[PDB]
Structures are given as structure tokens and as C-alpha cells.
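test case, fold it:
(4 chains)
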4 protein chains.
Amino acid sequence: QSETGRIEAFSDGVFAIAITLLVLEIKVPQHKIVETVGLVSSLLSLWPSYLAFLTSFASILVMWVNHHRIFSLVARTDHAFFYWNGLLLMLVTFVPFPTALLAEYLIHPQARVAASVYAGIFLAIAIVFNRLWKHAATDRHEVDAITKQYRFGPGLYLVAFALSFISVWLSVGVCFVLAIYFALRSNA
Amino acid sequence: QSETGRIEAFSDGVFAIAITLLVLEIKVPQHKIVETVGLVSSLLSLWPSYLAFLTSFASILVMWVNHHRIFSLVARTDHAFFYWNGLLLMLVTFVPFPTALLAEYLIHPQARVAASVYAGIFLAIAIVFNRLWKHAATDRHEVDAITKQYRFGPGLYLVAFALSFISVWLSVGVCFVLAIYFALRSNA
Amino acid sequence: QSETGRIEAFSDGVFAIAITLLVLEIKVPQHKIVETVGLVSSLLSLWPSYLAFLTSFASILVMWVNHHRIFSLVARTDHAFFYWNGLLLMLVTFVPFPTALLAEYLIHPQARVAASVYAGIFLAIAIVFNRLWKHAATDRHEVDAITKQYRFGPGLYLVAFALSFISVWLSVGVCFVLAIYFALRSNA
Amino acid sequence: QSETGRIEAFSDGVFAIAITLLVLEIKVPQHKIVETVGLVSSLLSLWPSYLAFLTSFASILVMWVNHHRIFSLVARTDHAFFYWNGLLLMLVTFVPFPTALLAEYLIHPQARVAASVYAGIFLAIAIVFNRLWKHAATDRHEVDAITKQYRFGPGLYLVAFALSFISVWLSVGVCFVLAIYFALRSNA
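Numbering: from 1, shown residues only, chains lettered A, B, ... in the order given. Pasting the structure now:
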């Protein structure tokens, strides 16, 4: 109630502000570039910003859903529970930077780093979801599905993290499709 | 009831942050340009920013009203409903960008491009409203009146969308007046 | 209760974001300038940014107090009340831009343009408070004291507004004193 | 209850926005610098940004919890208590600026000015918490511990603050350890 409802309320606000801050990274094309190539070729060349904004928005929504699900189940709060949640908020607000980094350097040669730090923050959040839930355990079917799912995540985002080093396109691809899949298995 | 109030709550917060973010697009006039021509002529030359901010703020407010209106009616959320809602939040958080583009390039020659994407995203938002509401449809006369309103919008924004190609001024105007019209018809 | 709690709530969130965005206008001193003159003289020359951030923050807080008092006392709501409230939100979210102008050009020659546009937006918000409440008529002692304060405000901000033309220092001064005064009269 | 609950609600929203605004100061490295030296050396050279962001995020979380503790214990609003809380919101919204100043100039020679303005805002918040809570004096067992801790902070941040003048490294360091420590003593 107050102990858990206050924490879940605060977390909901920080999630909302993180999600909406994503738009700011999308920068209107400069007057110079549009003057030489046309506003259209410019707004088009902005496609990885759209891509990064979109997949990152989507993934953060999934995080809001999972966060609410965990919070509905048990009402005891621990000191370390409060702080594991606090890190989770921290990585959520941090997501805009790897997003912006990724949109800025997706086409360019050192893109593999951009992709890796991106999948990094996502894997890192996944690990933190997993640890956050691990503290609670230590509806049977919901608990089981949740334990099973949060142990299923960090590995797959580790797969995205590792895939980054081989090629950018493959890593960003598995983050997009992985956002669709995790959205689907998240149970709204 | 409580779960729909939770999803509606998150959506209302994303609206508050989106609407307030709009102010950031209005850029204080540069020291150089103001230095040769004067603060007054500069703050005046900023008028398309005033215009885009005002119409975009007013319209997003109307979208908030309509969102709440849909949400009050029935308390049964599906995954697909939650996601129609989620995509709706994404286009709302995205609105500041077409806003900024429109303020920046209104006076300039490829303005029509900006204008269309402006009406474009709004048309897109209208469409998602419809789809979201269409999933609900599947006091009944009021529901019918709402279906008629949300079906009357997107065609008209295809018109505001299409008007963009003929001339910037006529399309953006039709977005101004059309925002006011939906403000009233939406009935607070 | 629910209707004014919902409208008042949404306006409450938009207020918090307007207030906090103020911090973004304070811009850390650039590397080129700080290298020639030293970090202290630069952070010092930023003083009108501190000044505008401070008074505007105070001002938006007092406006938050007034908002909550109006909403708490009577719960009946009209469409036209909702829209006076909407314009009131629009001017509130707009506050950061004139804050930024005022902070930027306080030292420089056309400061009087900035100061007048500043006192302007505050006067305008005052007028909109007045009109929002006027539509309410169209605790009785609180009603009387409130109407007397809302008569007293817009005239005094017209005094600050007109003072802007004679000298920047005097207009900004009456805005600072006026924020402390209205804070003392809102009676939180 | 309703006035303290509403006031606490507004204060918490300002906290959430302050904390998330923190990300914007981490600026994705410019195209030029990355093009001569490589993305990795650039993302690494950004580490004082990660440092200032991390310590400020953690510290602001702590201020959120301590704010919540003061508010839950006694619920009776005065004007002057409302204003002490108001100043406390202002400094919290001000936290991003000293954070960016600190991230930007940690490596540089006059870092000591940045560092001292950093610990300065933090100590200043400590003082404001101290007076905020002292407004209560002018269950019981907890009240004693809180007065001891709140009288206990501002001196220790005076220590971090004085430490800035001897060396940047010691000042920011003791702010780091001080953020972790106050997290634990706050009994989250």
C-alpha cells in the first residue's frame, strides 16, 4: 500500500519521463544539409534516429509492464529491495544516451561499439530485473512464469551483446525483434 | 477498475510531459542575429515557432481529453488494447519533432515537406485512436456517437495531409482550425 | 472530486515539469570563454541566469498554490472553465522561454525587450487566472479575499510590465519583490 | 492528510523529473573528436560524466526518501513549512547544473571551482533539510534519531565542501562515499 505504492508510484513517474525524453534525441536536420540535398533526403537520412527511438521506446514500455507486474505480487519491501529497484530506475533513465549514441553512429564505421553499449544497457537492465526478482523469491503460476522469464532474458540480451561484436546490423536486429518477442511474452 | 486506472495514469503522465516538452523547441534568438538586427525583429521572426507550439499544444490537449474519454467507458483491457494505447503514447511523445521541424522550416522553400509530415503524424495519431477505439466497439448510443467522431477525424486529416502538397499555408491553416474544431466537438 | 481531481491532477503534473525544466535554461559556461577568464568570473557572470531561474521558479510555485486553492474550493466544472484552464497551462509551460531570454539579455542593451516580454507573460498568466475565476462566479470570506487578490494582481503586473520600459533593473526588481509578496498572500 | 498528500505528491513529481533530467548532460561525443581519436577513447573520456551522473542520481534518490520520511511523520502544513519545502524543491531542481559543471571540469585545472560548487549545492540541501525538519520541533523515538541525523549531515558535507579546496579528488570522492553512506543510514 503506502510502502509499496509510494515506490511503484515514483518508479512509474521516472519511467514516463524517461520514455518521453527519448524524443529529444531526434534532432531536426541542419539548415546546411537540407539546403544541399533537400529536406527529404535529409529527413530520410534520419532513419536510424527513428529506428533507435522506436525500439528503445518499445523496450522501455516492456520494462514498465514488467515493473508493475513484479510490484503487484508482494507488499513487503526490503532495504536491498528498495535499492535494487533504485538501480533499475537509474538504468532506465540512462537508456536515452545509448539510444542517442546508437542513432548518431549506426551508419558509421565504429557502429559496432555503439551497438555494443546499447545492448549493454539493455542486458544490464535485464540482469537487474533478474536480481531484483531474485531477492523477492528468496499465484504460483505467475511466480513460475516470472522466474522462468527473468532467467530467460539476460542470456538472450547477452546474445545481442555478443552479436554486437560480429556485426551491428545483426545485433540491432535482435534487439528490435527481441523487443517484439519480449513485448509478446510479457503478458501485457 | 484499478488496472485501467493504472494504464490511464501512465498515459496521462506521458501527455503532461509531452505537452510541456513543446516549450523547448522555441529557441531563444541567437546573439549574432539579434546583434545585427535587434531583439525585437528576432523575437518576431520566431513567429512560426509561436504558431506551431500553440497549435501543437492545443491539439495534444484535445488528444488527452479524447484518451480519457475512451478510458472512462469500459474497464476490460486486452493485450492488443494495451498496445494500441502504447503506440498512441509513442506518437504523442513523437509530436515534439514534427513540431520542431514545422517551426524551423515554415518560412523556407521546402516548407511543404515539413507541413505534410506535420499533418501526417496527426493523421497517424487519429488513425491509431480509431483502431484503439475500434477494438473497444467489437450506454450504446454514446459509443455510436464516438465511433462517428473518430471516424470523421482521420478522413479530414487525410485532407489536411493532402492539402499540404498544394500549399503550406492552406494545409497548416486547416490544421489550426481543425484543431479548434476537434477541441469543441470533443466536448471537454 | 474526480473531475476536478483529474483536471487539477493533470495541471499539477504539467506544473511540476514546467518548474523543473527551468534548470535546463541555466547553461554551464563554454570552454573557450572559461579558459581566457577563469571559471569563477564566468560562473559569476551567469548570475542573471541564477536570478531568472530563481524568481521564475518562485513564480510558478505561487501559481501552483493559486491553482490548488481555486480547484479545491468548488468542484462544478464547465467546458469554458476547462479551456481557460487550458490556456493557463499553455502560458505556464511557456514560462521557460521568457525566463531564458530574460537571463540571456539582462546585461546587454535591448534587455528592456526581454524584461517587457517577461513581465508580459506573467501579466498574461495573471489575467488568465482572473478570467478562469471570473467564469466560476459567472467559504465566502476566502472567495472575497481571493477576488480582491485577483483584482490586485494583473494591475500590479501591469505596473511591473510598464516599469520594464523605463529600466530593466526596476521591472525585474518588481517581479522579484512581487513573487515574494504573492507568495506571502497566497497563504499556503 | 489531503493537503500533505497533495504537497508531497507535487514534491515527488519534481523529484522524479529532476532525477531523469540528469541524463541529458551526458552528451554523445562529437563527430570530430571521435573521427580523429576513435569512439572508444571518446566514450571512455566521458567517464566523469558517468561519475557525476551516478553520484547525483544516487544522492537525489536519498533526498527523495528523506523527504518522504519527514512528510509521513507529522501531517500539519504551515505557510513557512510549505516554503521550506519549496526551497528544498528549488535546490533539487538546481542539482543538474552543478552536476554538469562537475562532470565537465573534473579533468581540468580549475576543477576545484566545479567541485566546490557541486558539494556546495549538496551541503545547501542538507541545511534546508535541517531547517525543514526543525520546523517540526517549533512516534517520538524516531523523531530523536532524525534530528540527530539531520543535524549530522550538513556538517559532514561541510567537510566534503572544505575538502574541495585542498583537492578535487578528495571532495568528489567523499561525496561518492557520502551518497552511499547516507543511503544506508536513511534506513530505506
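
what ranges do the helices span in chain A?
Here chain A has its helices, by DSSP state H, at A:2-25, A:31-45, A:47-73, A:79-94, A:96-105, A:111-137, A:140-166, A:168-185.

kindly reformat those as JSON lines containing mean neighbour count and distance to chain D.
Where you see a C-beta, it was placed from the backbone N, CA and C, and this is true even at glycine. Formatted as JSON lines, the helices of chain A follow (neighbours: other Cβ atoms under 10 Å in any protein chain shown; distance: least, Cβ to the nearest Cβ, whole Å):
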{"stretch": "helix A:2-25", "mean neighbour count": "20", "distance to chain D": "4"}
{"stretch": "helix A:31-45", "mean neighbour count": "15", "distance to chain D": "13"}
{"stretch": "helix A:47-73", "mean neighbour count": "20", "distance to chain D": "11"}
{"stretch": "helix A:79-94", "mean neighbour count": "19", "distance to chain D": "4"}
{"stretch": "helix A:96-105", "mean neighbour count": "25", "distance to chain D": "5"}
{"stretch": "helix A:111-137", "mean neighbour count": "20", "distance to chain D": "5"}
{"stretch": "helix A:140-166", "mean neighbour count": "16", "distance to chain D": "13"}
{"stretch": "helix A:168-185", "mean neighbour count": "18", "distance to chain D": "12"}
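
quick one: which of the ones you listed is nearest residue D:8?
Evaluated over these, closeness to residue D:8 peaks at helix A:2-25, with 9.1 Å, by Cβ to Cβ.

show me how far that closest one is from its chain's centre.
Distance, stretch centre to chain centre, for helix A:2-25: 13 Å (Cα atoms, centre = their mean, to the nearest Å).

let me know the angle separating it from helix A:96-105.
Put simply, helix A:2-25 runs at 20 degrees to helix A:96-105, going by axes from the mean of the first three to the mean of the last three Cα atoms, to 10 degrees.

coming back round to it: need the helices of chain A in TSV (columns: distance to residue D:97).
Shown next, in TSV, are these (distance: least, Cβ to Cβ, whole Å):
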stretch	distance to residue D:97
helix A:2-25	17
helix A:31-45	30
helix A:47-73	26
helix A:79-94	17
helix A:96-105	18
helix A:111-137	25
helix A:140-166	34
helix A:168-185	34
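
which of the ones you listed sits closest to residue C:55?
Comparing the helices of chain A by their distance to residue C:55 (Cβ to Cβ), the top pick is helix A:2-25, with 25.1 Å.

thinking again about what came up before, nearest to residue D:75, out of the helices of chain A?
Set against residue D:75 and scored by Cβ to Cβ, these come closest in helix A:2-25, at 12.5 Å.

can the closest one be said to contact chain B?
Yes. Helix A:2-25 is in contact with chain B by Cβ under 8 Å from any Cβ of the partner chain, via A:12, A:13, A:15, A:16, A:17, A:19, A:20, A:22, A:23, A:24.

show me what contacts the residue of chain A found nearest chain C?
Nearest residue of chain A to chain C (Cβ to the nearest Cβ) works out as residue A:17 at 8.1 Å. Contacts for residue A:17 (Cβ atoms under 8 Å, 6 or more residues apart in numbering or on different chains) come out as A:93, B:17, D:16, D:17, D:20, D:21.

can you name the two of these that are farthest apart?
A:93 and B:17, at 13.0 Å, using Cβ to Cβ across the contacts of residue A:17.

hmm, back to that, with adjacent residues omitted, what lies nearest to the residue of chain A closest to chain C?
residue D:20 (4.0 Å; Cβ to Cβ, 6 or more residues apart in numbering or on different chains).

the one you found and residue A:24: what is the separation?
Noted for residue D:20: a distance of 11 Å to residue A:24, by Cβ to Cβ, to the nearest Å.

same question, residue A:184
Residue A:184 is 29 Å from residue A:24, where distance means Cβ to Cβ.

repeat that for residue A:155.
From residue A:155 to residue A:24 the distance is 32 Å (Cβ to Cβ).

repeat for residue A:45
Distance, residue A:45 to residue A:24, using Cβ to Cβ: 19 Å.

wait, what's in contact with the nearest residue to residue A:104 once chain neighbours are set aside?
Sequence neighbours aside, residue D:28 is the residue nearest to residue A:104 in space, at 5.4 Å (criterion: Cβ to Cβ, 6+ apart). Residue D:28 makes contact with A:97, A:100, A:101, A:104 under the criterion Cβ under 8 Å, 6+ apart.

just these now: which is nearest chain B?
Checking the contacts of residue D:28 against chain B with Cβ to the nearest Cβ, the nearest one is residue A:100 at 13.6 Å.

please verify my assumption that that closest one contacts residue A:25.
Yes. Using Cβ atoms under 8 Å as the test, residue A:100 is close enough to residue A:25 to be in contact (3.9 Å).

which residues do these two both contact?
In contact with both residue A:100 and residue A:25: residue A:52, using Cβ under 8 Å, 6+ apart.

ok so, going back, for residue D:77, see how far away the residue of chain A closest to chain C is.
Distance, residue A:17 to residue D:77, using Cβ to Cβ: 27 Å.

same question for residue A:75.
Taking Cβ to Cβ as the measure, residue A:75 falls 29 Å from residue D:77.

again with residue A:53
On the measure of Cβ to Cβ, residue A:53 and residue D:77 end up 42 Å apart.

now do residue A:72
Per Cβ to Cβ, residue A:72 is found 32 Å from residue D:77.

same check, this time on residue A:74
Distance from residue A:74 to residue D:77, by Cβ to Cβ: 33 Å.

between those two, which is the more surrounded one?
More neighbours surround residue D:77 than the other of residue A:74 and residue D:77, with 15 against 12 (other Cβ atoms under 10 Å in any protein chain shown).

is it true that the more buried one touches residue C:187?
No. Residue D:77 is beyond contact range of residue C:187, at 10.9 Å (criterion: Cβ under 8 Å).

residue A:26 contacts residue B:95, correct?
No. Applying Cβ under 8 Å as the test, residue A:26 and residue B:95 come out as separate, 11.3 Å apart.

so between those two, which is more surrounded?
Taking other Cβ under 10 Å, residue A:26 and residue B:95 do not tie; residue B:95 has more neighbours (23 against 19).

and the gap between the more buried one and residue D:54?
Using Cβ to Cβ, residue B:95 is found at 32 Å from residue D:54.

do residue A:75 as well
30 Å.

what's the answer for residue A:39, then?
40 Å.
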